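Heads up: the structure comes next, in structure tokens.
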Amino acid sequence: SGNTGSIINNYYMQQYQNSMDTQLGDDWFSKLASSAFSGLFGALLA
Amino acid sequence: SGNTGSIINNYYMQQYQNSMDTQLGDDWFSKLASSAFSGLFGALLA
Amino acid sequence: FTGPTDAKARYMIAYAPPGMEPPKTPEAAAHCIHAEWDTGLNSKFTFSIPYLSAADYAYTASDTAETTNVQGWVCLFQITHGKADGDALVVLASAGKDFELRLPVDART
Amino acid sequence: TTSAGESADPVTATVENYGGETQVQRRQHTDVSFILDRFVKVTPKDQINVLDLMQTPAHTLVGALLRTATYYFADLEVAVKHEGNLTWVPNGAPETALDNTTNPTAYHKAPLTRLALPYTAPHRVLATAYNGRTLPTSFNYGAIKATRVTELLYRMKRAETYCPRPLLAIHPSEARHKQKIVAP
Amino acid sequence: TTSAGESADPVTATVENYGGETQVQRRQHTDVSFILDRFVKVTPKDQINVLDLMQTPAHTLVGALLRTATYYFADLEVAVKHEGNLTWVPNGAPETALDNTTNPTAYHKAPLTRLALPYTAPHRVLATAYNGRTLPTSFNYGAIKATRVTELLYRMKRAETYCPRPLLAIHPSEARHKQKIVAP
Amino acid sequence: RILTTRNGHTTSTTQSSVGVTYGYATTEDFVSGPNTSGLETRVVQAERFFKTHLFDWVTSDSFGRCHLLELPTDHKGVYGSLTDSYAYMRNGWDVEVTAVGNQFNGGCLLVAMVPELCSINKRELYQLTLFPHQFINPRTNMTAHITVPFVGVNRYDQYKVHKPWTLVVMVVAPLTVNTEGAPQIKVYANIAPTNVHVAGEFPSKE
Amino acid sequence: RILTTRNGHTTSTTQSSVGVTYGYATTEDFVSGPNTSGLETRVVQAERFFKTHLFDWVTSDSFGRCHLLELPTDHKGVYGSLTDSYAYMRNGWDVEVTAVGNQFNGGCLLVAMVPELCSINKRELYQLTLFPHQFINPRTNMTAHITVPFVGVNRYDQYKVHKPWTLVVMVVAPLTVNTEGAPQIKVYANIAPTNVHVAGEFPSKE
């Protein structure tokens, strides 16, 4: 996902190559940047 | 495309092996050579 | 703008491209890409400095053999003001929608 | 673009305001996972080395960028130059375990040993700052030991970052910070 | 075949004009990408070497053919013999970066290091001549550094060439340039 | 009351706008007539704001004190070079006049665009409102905005010998400072030529 | 063989045309790229013929004698002022070279447009035909016409520091007068900038 560029599947199982994430029950900054006001606050002439 | 002769796909992704080209919006000399006049300008006898 | 309600002013921001010395007066800078605005209910004004260059990318670092700035100058002027002596105009910078950085490098710093 | 500056809602003006045109941008190089996913050298201790990302020098690319996150998560890779066999031990292990070979031990093989290690801390995430200067001792990725370690490099895998913090460039004495740039 | 010589429109007469027959031709060996896609040796400097295709000697096959293009594009491969670790840095990098290991660094491995590098200049294309003798410093493929570099070879990949320029053979003093040709 | 005006790659924003006064017309008359034989062209690059100081409004100025600015005026940008490269021209004007003090100043200015102004007499100032205009009253605004088209007996002009428009600013009620107002108000103009067309290219000086 | 070329309000007619050579391309590449952020504009008023004397072709000139003219060159018209008003520019060239003697002169000239020409050596002149070109052979014609697009490592240029094109005229066969030919032939150039685009307006000198 980061700086990896092999087209073949890793020889070892995922369970060994990395730690495994568990669940309970750019996210925030991406939403913040996307919500930015990008116009003019007033009336526009020509 | 040039002096490459492997029949197997490169182990690494194209995105890593080479730089990636982008688009905006032997070409010229091939057309020039192909358009060359190749006959006789006058009348031909026997 | 940070001055009190009875302090008014009119400002001008301009972008002077490389190849000629930057403007020293608002009149000379008028011929550059620029914006003028005054104070009021809304205290903030945002202006986009355009990317203008011969090449598609510019260097982030500045070379030591580079005496005159390669990418130009930003010029902030005061057109005039009404009783705004000593009042502060704070300025910030952020990346625009198409700002892009490429080619990672570790140079110390 | 005028707006209420006291607000904090982000405002992003564009060149369209004066007739320009916003272009396309490709930001793969500023992607968090991508940029942190590379080796960074650390100065090691002769034998026992606790794996701790805060050992990265603060001015390096990896060190600086890691410090712009207050909380982070990542698996790890290390490349080590060492004499004798290299033994790794997980977070929470007694130091004495560093001498027992049943714990992951890599037998010497020139010129160095590269290993993939899992996150092993008891916390859901780690931090680069902790208001409790000094970080809790449980903030580590275990420890390694060898007769002598000569080089140690860290590499963050699958990195995640939360809550940005200041990132400072060099402060110039002149109008611009000038450096000799590579040129023919 | 007679024609207006002042015109410049290409004219290609054939042997058919006098009863001959034009044959089949295979021109793979004069294909641009193919012919430039091979290693060429350059004399290196002890430590810092800016990667610059114009370092190729002008009389070599690669050097001569590259110079027949005024503008060109290509990715690159290098093969380097060096002591210590080899560090590469992209176009526009401060020279000081050559000493930091997080920039692509290859650890020594006999007998040499072969690396594939991407085009990295800020220009859409580079040039072998620039009317501004001397070329802009931004015309390069980054730089490399090692304790000592003994051999440096360049190899152009995916090459593209624009606007042909003069390509000169040796000028003979006699009626023909004679050379000893390999023979049993 | 925020108004942003754009002319080319230049913008001007005001938060104390009273609107814009359109003088004599909303649109320009025909730009291609028989006097240029179809040889005229538009020069968009000149349609942008240029600036100039007018005068300093002080408490000692009394009713009738005025300042005149004939247009076109000296221009050191592309519009100015046009007058040296072409024999005939025409354009309208987008005019913005500013007088910034604060809301504690009193008094009043009248700004007007007057055609063919060969000096005006004292009694005639009482009727300056017959011309495209707008007032600058500190308690309300700091900006006046007027937009006018090209006018004249001829479809195209020779600016070296004729100035069709004159910008005039007049004091109608004297400036008051009253302890909290600005001590004086400098008056500035931000002007942009509109719909500029040229015809008849001149030779160079070589 | 009559050819009339028009560039703006200027025309050039020849009755001894050998046609026009299009160099490297028939059309220009994209004029709006990311390096100008959509701020570029076209200036049609500059796309017209300007003139200049090159050299006098005399009988004593031998093979290889050449004359170089870097483009853009000094221009005292609108195109020239553009280089003082804008930081970035691009344009192609429509070039017409003339060498008028009569049909009783002999000899031959080669005229070519060469990109990035940092001086050329003697042996390389033998291969000048690799570049867009046309010959001037008195028995046949008095005019050479070449048209080339903008070229360069950058989509836009800074002409104060870089000249992408160089016009070159070279003697390939020496001039002969033979009793009835013209005693000498003056060579002139009639050039027009094509598709001129500018970006990045400079401040004035005020």
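Residue numbering restarts at 1 in every chain; chains get A, B, ... in the order shown in the structure tokens, and ligands count up from 1 in that same order.
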
Contacts of residue 167 in chain D at 8 Å or less, counting only C-alpha atoms, minus same-chain residues fewer than 5 places along, as a ChimeraX atom specification?
/D:64-65,67-68

Contacts of range 21-32 of chain A at 9 Å or less, counting only C-alpha atoms, minus same-chain residues fewer than 4 places along, as a count of residues only?
3

If we count only C-alpha atoms and set the cut-off at 9 Å, which residues sit around range 140-148 of chain G, ignoring sequence neighbours fewer than 2 positions away in its own chain? Please answer as a ChimeraX atom specification.
/E:4,6-7 /G:14-28,92-103,110-113,132-138,150-151,194

Provide the CA of residue 124 in chain D to CA of residue 96 in chain D distance in Å, to one decimal place.
26.3 Å

Residue 51 in chain D environment, 6 Å, only C-alpha atoms, sequence neighbours closer than 2 positions dropped, as number ranges by chain
D: 140-143

Using N, CA and C atoms, can you write the selected residues to a file as a CSV table (one decimal), in the first residue's frame?
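Final file, out_36.csv:
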```
chain,number,residue,atom,x,y,z
D,140,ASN,N,7.5,0.9,22.7
D,140,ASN,CA,8.6,0.3,22.0
D,140,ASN,C,8.2,-0.9,21.1
D,141,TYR,N,9.1,-1.4,20.3
D,141,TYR,CA,8.9,-2.5,19.4
D,141,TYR,C,9.7,-3.7,19.8
D,142,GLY,N,10.0,-3.8,21.1
D,142,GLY,CA,10.8,-4.9,21.6
D,142,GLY,C,12.3,-4.5,21.6
D,143,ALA,N,13.2,-5.4,21.6
D,143,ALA,CA,14.6,-5.1,21.7
D,143,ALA,C,15.4,-6.2,20.9
```

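Taking only chain E, the residues that DSSP calls alpha helix (DSSP H) from the backbone come to residues 32, 33, 34, 35, 36, 61, 62, 63, 64, 65 and 66 of chain E.
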
Chain B onto chain A, all Cα, least squares, as a PDB file with N, CA and C atoms, in the first residue's frame:
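Done, and the output landed in superposed.pdb:
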```
ATOM      1  N   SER B   1       0.835  -1.239   0.000  1.00  0.00           N
ATOM      2  CA  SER B   1       0.000   0.000   0.000  1.00  0.00           C
ATOM      3  C   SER B   1       0.858   1.273   0.000  1.00  0.00           C
ATOM      4  N   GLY B   2       2.022   1.212   0.648  1.00  0.00           N
ATOM      5  CA  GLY B   2       2.895   2.375   0.705  1.00  0.00           C
ATOM      6  C   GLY B   2       3.926   2.353  -0.410  1.00  0.00           C
ATOM      7  N   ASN B   3       5.173   2.081  -0.052  1.00  0.00           N
ATOM      8  CA  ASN B   3       6.231   2.013  -1.048  1.00  0.00           C
ATOM      9  C   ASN B   3       6.544   0.533  -1.322  1.00  0.00           C
ATOM     10  N   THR B   4       5.588  -0.148  -1.955  1.00  0.00           N
ATOM     11  CA  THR B   4       5.703  -1.566  -2.315  1.00  0.00           C
ATOM     12  C   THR B   4       5.341  -1.714  -3.789  1.00  0.00           C
ATOM     13  N   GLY B   5       6.159  -2.440  -4.544  1.00  0.00           N
ATOM     14  CA  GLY B   5       5.874  -2.581  -5.962  1.00  0.00           C
ATOM     15  C   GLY B   5       6.032  -3.940  -6.618  1.00  0.00           C
ATOM     16  N   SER B   6       5.742  -5.018  -5.890  1.00  0.00           N
ATOM     17  CA  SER B   6       5.850  -6.373  -6.438  1.00  0.00           C
ATOM     18  C   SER B   6       4.500  -6.800  -7.004  1.00  0.00           C
ATOM     19  N   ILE B   7       4.506  -7.429  -8.175  1.00  0.00           N
ATOM     20  CA  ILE B   7       3.250  -7.864  -8.777  1.00  0.00           C
ATOM     21  C   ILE B   7       2.879  -9.277  -8.341  1.00  0.00           C
ATOM     22  N   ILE B   8       3.790  -9.968  -7.671  1.00  0.00           N
ATOM     23  CA  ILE B   8       3.475 -11.313  -7.216  1.00  0.00           C
ATOM     24  C   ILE B   8       3.063 -11.308  -5.753  1.00  0.00           C
ATOM     25  N   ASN B   9       2.186 -12.251  -5.424  1.00  0.00           N
ATOM     26  CA  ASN B   9       1.672 -12.429  -4.075  1.00  0.00           C
ATOM     27  C   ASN B   9       2.866 -12.745  -3.164  1.00  0.00           C
ATOM     28  N   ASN B  10       2.832 -12.244  -1.932  1.00  0.00           N
ATOM     29  CA  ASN B  10       3.906 -12.514  -0.990  1.00  0.00           C
ATOM     30  C   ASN B  10       3.949 -14.025  -0.703  1.00  0.00           C
ATOM     31  N   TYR B  11       5.151 -14.589  -0.662  1.00  0.00           N
ATOM     32  CA  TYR B  11       5.330 -16.012  -0.404  1.00  0.00           C
ATOM     33  C   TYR B  11       4.779 -16.445   0.961  1.00  0.00           C
ATOM     34  N   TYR B  12       4.795 -15.534   1.924  1.00  0.00           N
ATOM     35  CA  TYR B  12       4.327 -15.851   3.268  1.00  0.00           C
ATOM     36  C   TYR B  12       2.905 -15.363   3.507  1.00  0.00           C
ATOM     37  N   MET B  13       2.189 -16.037   4.402  1.00  0.00           N
ATOM     38  CA  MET B  13       0.818 -15.654   4.726  1.00  0.00           C
ATOM     39  C   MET B  13       0.778 -14.267   5.366  1.00  0.00           C
ATOM     40  N   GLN B  14      -0.337 -13.572   5.176  1.00  0.00           N
ATOM     41  CA  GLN B  14      -0.508 -12.234   5.732  1.00  0.00           C
ATOM     42  C   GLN B  14      -0.378 -12.266   7.257  1.00  0.00           C
ATOM     43  N   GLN B  15      -0.850 -13.362   7.832  1.00  0.00           N
ATOM     44  CA  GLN B  15      -0.840 -13.609   9.268  1.00  0.00           C
ATOM     45  C   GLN B  15       0.583 -13.657   9.841  1.00  0.00           C
ATOM     46  N   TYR B  16       1.567 -13.816   8.962  1.00  0.00           N
ATOM     47  CA  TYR B  16       2.962 -13.859   9.375  1.00  0.00           C
ATOM     48  C   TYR B  16       3.698 -12.595   8.963  1.00  0.00           C
ATOM     49  N   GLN B  17       3.405 -12.101   7.765  1.00  0.00           N
ATOM     50  CA  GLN B  17       4.062 -10.905   7.257  1.00  0.00           C
ATOM     51  C   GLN B  17       3.781  -9.670   8.105  1.00  0.00           C
ATOM     52  N   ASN B  18       2.544  -9.529   8.566  1.00  0.00           N
ATOM     53  CA  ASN B  18       2.173  -8.367   9.364  1.00  0.00           C
ATOM     54  C   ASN B  18       1.358  -8.736  10.593  1.00  0.00           C
ATOM     55  N   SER B  19       1.157  -7.762  11.473  1.00  0.00           N
ATOM     56  CA  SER B  19       0.320  -7.973  12.646  1.00  0.00           C
ATOM     57  C   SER B  19      -1.111  -7.910  12.070  1.00  0.00           C
ATOM     58  N   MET B  20      -2.086  -8.489  12.757  1.00  0.00           N
ATOM     59  CA  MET B  20      -3.464  -8.483  12.265  1.00  0.00           C
ATOM     60  C   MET B  20      -4.318  -7.490  13.048  1.00  0.00           C
ATOM     61  N   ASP B  21      -5.053  -6.633  12.345  1.00  0.00           N
ATOM     62  CA  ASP B  21      -5.916  -5.668  13.018  1.00  0.00           C
ATOM     63  C   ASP B  21      -7.232  -6.295  13.448  1.00  0.00           C
ATOM     64  N   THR B  22      -7.815  -5.754  14.513  1.00  0.00           N
ATOM     65  CA  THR B  22      -9.092  -6.241  15.016  1.00  0.00           C
ATOM     66  C   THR B  22     -10.046  -5.053  15.069  1.00  0.00           C
ATOM     67  N   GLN B  23     -11.343  -5.323  15.015  1.00  0.00           N
ATOM     68  CA  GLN B  23     -12.338  -4.255  15.028  1.00  0.00           C
ATOM     69  C   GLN B  23     -13.142  -4.239  16.316  1.00  0.00           C
ATOM     70  N   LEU B  24     -13.663  -3.070  16.657  1.00  0.00           N
ATOM     71  CA  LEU B  24     -14.480  -2.921  17.845  1.00  0.00           C
ATOM     72  C   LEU B  24     -15.875  -2.493  17.388  1.00  0.00           C
ATOM     73  N   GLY B  25     -16.902  -2.916  18.124  1.00  0.00           N
ATOM     74  CA  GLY B  25     -18.270  -2.558  17.776  1.00  0.00           C
ATOM     75  C   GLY B  25     -18.647  -2.886  16.342  1.00  0.00           C
ATOM     76  N   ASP B  26      -8.214  10.414   3.481  1.00  0.00           N
ATOM     77  CA  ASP B  26      -7.460  10.693   4.700  1.00  0.00           C
ATOM     78  C   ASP B  26      -8.385  11.062   5.812  1.00  0.00           C
ATOM     79  N   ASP B  27      -9.425  10.249   5.989  1.00  0.00           N
ATOM     80  CA  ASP B  27     -10.434  10.440   7.024  1.00  0.00           C
ATOM     81  C   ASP B  27     -10.673  11.920   7.384  1.00  0.00           C
ATOM     82  N   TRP B  28     -10.382  12.298   8.624  1.00  0.00           N
ATOM     83  CA  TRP B  28     -10.689  13.650   9.067  1.00  0.00           C
ATOM     84  C   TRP B  28     -10.122  14.820   8.282  1.00  0.00           C
ATOM     85  N   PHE B  29      -8.813  14.843   8.069  1.00  0.00           N
ATOM     86  CA  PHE B  29      -8.241  15.978   7.366  1.00  0.00           C
ATOM     87  C   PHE B  29      -8.588  16.048   5.899  1.00  0.00           C
ATOM     88  N   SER B  30      -8.909  14.902   5.324  1.00  0.00           N
ATOM     89  CA  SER B  30      -9.310  14.868   3.935  1.00  0.00           C
ATOM     90  C   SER B  30     -10.687  15.553   3.857  1.00  0.00           C
ATOM     91  N   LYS B  31     -11.578  15.218   4.791  1.00  0.00           N
ATOM     92  CA  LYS B  31     -12.910  15.813   4.811  1.00  0.00           C
ATOM     93  C   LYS B  31     -12.831  17.305   5.077  1.00  0.00           C
ATOM     94  N   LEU B  32     -11.928  17.688   5.973  1.00  0.00           N
ATOM     95  CA  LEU B  32     -11.745  19.085   6.331  1.00  0.00           C
ATOM     96  C   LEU B  32     -11.295  19.889   5.106  1.00  0.00           C
ATOM     97  N   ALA B  33     -10.288  19.381   4.406  1.00  0.00           N
ATOM     98  CA  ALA B  33      -9.778  20.055   3.217  1.00  0.00           C
ATOM     99  C   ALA B  33     -10.828  20.124   2.094  1.00  0.00           C
ATOM    100  N   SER B  34     -11.595  19.053   1.931  1.00  0.00           N
ATOM    101  CA  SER B  34     -12.620  18.986   0.894  1.00  0.00           C
ATOM    102  C   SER B  34     -13.785  19.924   1.151  1.00  0.00           C
ATOM    103  N   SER B  35     -14.022  20.243   2.415  1.00  0.00           N
ATOM    104  CA  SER B  35     -15.135  21.106   2.792  1.00  0.00           C
ATOM    105  C   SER B  35     -14.804  22.594   2.698  1.00  0.00           C
ATOM    106  N   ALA B  36     -13.564  22.921   2.333  1.00  0.00           N
ATOM    107  CA  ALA B  36     -13.123  24.315   2.243  1.00  0.00           C
ATOM    108  C   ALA B  36     -13.995  25.193   1.349  1.00  0.00           C
ATOM    109  N   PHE B  37     -14.269  26.415   1.805  1.00  0.00           N
ATOM    110  CA  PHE B  37     -15.062  27.374   1.027  1.00  0.00           C
ATOM    111  C   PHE B  37     -14.136  27.848  -0.108  1.00  0.00           C
ATOM    112  N   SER B  38     -14.621  27.809  -1.350  1.00  0.00           N
ATOM    113  CA  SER B  38     -13.800  28.194  -2.503  1.00  0.00           C
ATOM    114  C   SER B  38     -14.458  29.134  -3.498  1.00  0.00           C
ATOM    115  N   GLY B  39     -15.117  30.181  -3.029  1.00  0.00           N
ATOM    116  CA  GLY B  39     -15.740  31.087  -3.974  1.00  0.00           C
ATOM    117  C   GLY B  39     -15.481  32.538  -3.644  1.00  0.00           C
ATOM    118  N   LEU B  40     -16.557  33.314  -3.638  1.00  0.00           N
ATOM    119  CA  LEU B  40     -16.525  34.731  -3.301  1.00  0.00           C
ATOM    120  C   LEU B  40     -17.673  34.905  -2.308  1.00  0.00           C
ATOM    121  N   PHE B  41     -17.460  35.691  -1.260  1.00  0.00           N
ATOM    122  CA  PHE B  41     -18.509  35.904  -0.265  1.00  0.00           C
ATOM    123  C   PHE B  41     -19.530  36.962  -0.723  1.00  0.00           C
ATOM    124  N   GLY B  42     -19.155  37.822  -1.672  1.00  0.00           N
ATOM    125  CA  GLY B  42     -20.090  38.854  -2.103  1.00  0.00           C
ATOM    126  C   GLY B  42     -20.691  38.758  -3.497  1.00  0.00           C
ATOM    127  N   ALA B  43     -21.086  39.913  -4.036  1.00  0.00           N
ATOM    128  CA  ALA B  43     -21.665  40.018  -5.375  1.00  0.00           C
ATOM    129  C   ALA B  43     -20.524  40.223  -6.381  1.00  0.00           C
ATOM    130  N   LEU B  44     -20.641  39.623  -7.562  1.00  0.00           N
ATOM    131  CA  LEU B  44     -19.589  39.746  -8.568  1.00  0.00           C
ATOM    132  C   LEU B  44     -19.979  40.580  -9.791  1.00  0.00           C
ATOM    133  N   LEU B  45     -19.147  41.562 -10.111  1.00  0.00           N
ATOM    134  CA  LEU B  45     -19.385  42.424 -11.257  1.00  0.00           C
ATOM    135  C   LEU B  45     -18.428  42.069 -12.409  1.00  0.00           C
ATOM    136  N   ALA B  46     -19.015  41.700 -13.551  1.00  0.00           N
ATOM    137  CA  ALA B  46     -18.283  41.334 -14.771  1.00  0.00           C
ATOM    138  C   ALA B  46     -17.115  40.374 -14.553  1.00  0.00           C
TER     139      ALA B  46
END
```

Write out as a compact mmCIF listing (two decimals) with N, CA, C and O atoms, in the first residue's frame the residues lying within 12 Å of residue 155 in chain G, counting only C-alpha atoms and excluding same-chain residues fewer than 3 positions away.
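New file around-v9.txt:
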```txt
# COMPACT_ATOMS: atom_id res chain seq x y z
N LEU B 24 -1.69 15.70 -22.27
CA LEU B 24 -2.24 17.04 -22.21
C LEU B 24 -3.37 17.11 -23.24
O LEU B 24 -3.32 16.43 -24.27
N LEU C 52 3.47 30.29 -12.26
CA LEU C 52 3.80 30.78 -13.60
C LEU C 52 5.29 30.53 -13.78
O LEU C 52 6.10 31.05 -13.02
N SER C 53 5.65 29.74 -14.79
CA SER C 53 7.05 29.43 -15.02
C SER C 53 7.25 28.85 -16.41
O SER C 53 6.28 28.46 -17.06
N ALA C 54 8.51 28.79 -16.86
CA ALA C 54 8.80 28.21 -18.16
C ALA C 54 8.61 26.69 -18.07
O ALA C 54 7.95 26.08 -18.92
N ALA C 55 9.17 26.08 -17.04
CA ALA C 55 9.05 24.64 -16.85
C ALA C 55 7.79 24.28 -16.06
O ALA C 55 7.23 25.13 -15.36
N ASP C 56 7.37 23.02 -16.16
CA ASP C 56 6.18 22.55 -15.46
C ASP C 56 6.35 22.39 -13.95
O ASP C 56 5.36 22.29 -13.24
N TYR C 57 7.59 22.36 -13.48
CA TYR C 57 7.87 22.26 -12.05
C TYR C 57 8.94 23.27 -11.70
O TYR C 57 9.72 23.68 -12.57
N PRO E 122 12.59 18.85 -14.36
CA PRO E 122 11.34 19.63 -14.34
C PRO E 122 10.80 19.97 -15.72
O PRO E 122 9.69 20.46 -15.84
N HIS E 123 11.60 19.71 -16.75
CA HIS E 123 11.24 20.00 -18.14
C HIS E 123 10.53 18.81 -18.79
O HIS E 123 10.77 17.66 -18.43
N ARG E 124 9.68 19.10 -19.77
CA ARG E 124 8.95 18.02 -20.44
C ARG E 124 9.93 17.19 -21.26
O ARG E 124 9.68 16.02 -21.55
N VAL E 125 11.06 17.78 -21.61
CA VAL E 125 12.03 17.06 -22.41
C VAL E 125 13.39 17.74 -22.18
O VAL E 125 13.43 18.87 -21.70
N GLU G 28 0.74 23.67 -34.31
CA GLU G 28 1.38 23.92 -33.01
C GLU G 28 0.92 22.89 -31.96
O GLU G 28 -0.16 22.31 -32.08
N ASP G 29 1.75 22.66 -30.94
CA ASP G 29 1.38 21.75 -29.85
C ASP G 29 0.47 22.55 -28.89
O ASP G 29 0.21 23.73 -29.12
N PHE G 30 -0.01 21.92 -27.83
CA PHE G 30 -0.89 22.60 -26.89
C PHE G 30 -0.30 23.89 -26.31
O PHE G 30 0.82 23.91 -25.79
N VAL G 31 -1.07 24.96 -26.40
CA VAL G 31 -0.66 26.27 -25.94
C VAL G 31 -1.05 26.53 -24.47
O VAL G 31 -0.51 27.43 -23.83
N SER G 32 -1.99 25.75 -23.95
CA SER G 32 -2.43 25.91 -22.57
C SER G 32 -2.03 24.71 -21.74
O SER G 32 -2.72 23.69 -21.74
N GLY G 33 -0.91 24.83 -21.03
CA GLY G 33 -0.45 23.74 -20.19
C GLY G 33 -0.47 24.16 -18.74
O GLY G 33 -0.87 25.28 -18.42
N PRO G 34 -0.02 23.29 -17.84
CA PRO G 34 -0.03 23.64 -16.42
C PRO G 34 0.96 24.73 -15.98
O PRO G 34 0.78 25.33 -14.91
N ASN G 35 1.98 25.02 -16.78
CA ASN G 35 2.96 26.02 -16.40
C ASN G 35 2.48 27.49 -16.44
O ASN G 35 3.18 28.37 -15.93
N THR G 36 1.32 27.76 -17.03
CA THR G 36 0.79 29.13 -17.08
C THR G 36 -0.54 29.26 -16.32
O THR G 36 -1.17 30.32 -16.33
N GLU G 40 -2.59 32.53 -19.65
CA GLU G 40 -2.07 32.97 -20.95
C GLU G 40 -3.13 33.53 -21.89
O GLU G 40 -4.31 33.19 -21.77
N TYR G 88 6.58 35.57 -19.90
CA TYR G 88 6.65 34.35 -20.69
C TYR G 88 5.95 34.45 -22.03
O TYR G 88 4.86 35.01 -22.14
N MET G 89 6.57 33.89 -23.06
CA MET G 89 6.01 33.94 -24.41
C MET G 89 6.33 32.69 -25.23
O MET G 89 7.22 31.91 -24.89
N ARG G 90 5.58 32.53 -26.32
CA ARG G 90 5.82 31.46 -27.27
C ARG G 90 5.19 31.86 -28.59
O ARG G 90 4.17 32.55 -28.61
N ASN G 91 5.83 31.47 -29.68
CA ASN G 91 5.32 31.76 -31.01
C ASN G 91 6.15 31.00 -32.03
O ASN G 91 7.28 30.60 -31.75
N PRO G 149 7.01 25.88 -36.18
CA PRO G 149 6.29 26.09 -34.92
C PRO G 149 7.27 26.41 -33.80
O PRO G 149 8.49 26.39 -34.00
N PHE G 150 6.72 26.68 -32.63
CA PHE G 150 7.52 26.95 -31.45
C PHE G 150 8.11 25.61 -31.00
O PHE G 150 7.44 24.57 -31.08
N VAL G 151 9.35 25.62 -30.54
CA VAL G 151 9.98 24.40 -30.03
C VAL G 151 10.72 24.77 -28.76
O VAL G 151 10.98 25.95 -28.51
N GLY G 152 11.05 23.76 -27.95
CA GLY G 152 11.78 24.01 -26.72
C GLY G 152 11.52 23.00 -25.61
O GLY G 152 10.52 22.28 -25.61
N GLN G 158 11.47 32.42 -22.11
CA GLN G 158 11.88 33.72 -21.59
C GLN G 158 12.92 34.18 -22.62
O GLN G 158 14.12 33.91 -22.49
N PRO G 164 15.15 30.14 -29.18
CA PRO G 164 14.98 28.79 -29.73
C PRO G 164 15.32 28.58 -31.19
O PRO G 164 15.78 27.50 -31.57
N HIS G 197 1.52 33.86 -27.87
CA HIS G 197 0.82 33.80 -26.61
C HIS G 197 1.73 34.36 -25.53
O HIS G 197 2.94 34.13 -25.56
N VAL G 198 1.15 35.11 -24.60
CA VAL G 198 1.94 35.68 -23.52
C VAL G 198 1.32 35.35 -22.17
O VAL G 198 0.12 35.03 -22.08
N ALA G 199 2.13 35.41 -21.12
CA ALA G 199 1.68 35.15 -19.75
C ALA G 199 2.58 35.86 -18.74
O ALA G 199 3.78 36.05 -18.97
```

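Per DSSP on the backbone, strand (DSSP E) in chain C comprises residues 8, 9, 10, 11, 12, 13, 14, 15, 16, 33, 34, 35, 36, 37, 38, 44, 45, 62, 63, 73, 74, 75, 76, 77, 78, 79, 80, 81 and 82 of chain C.
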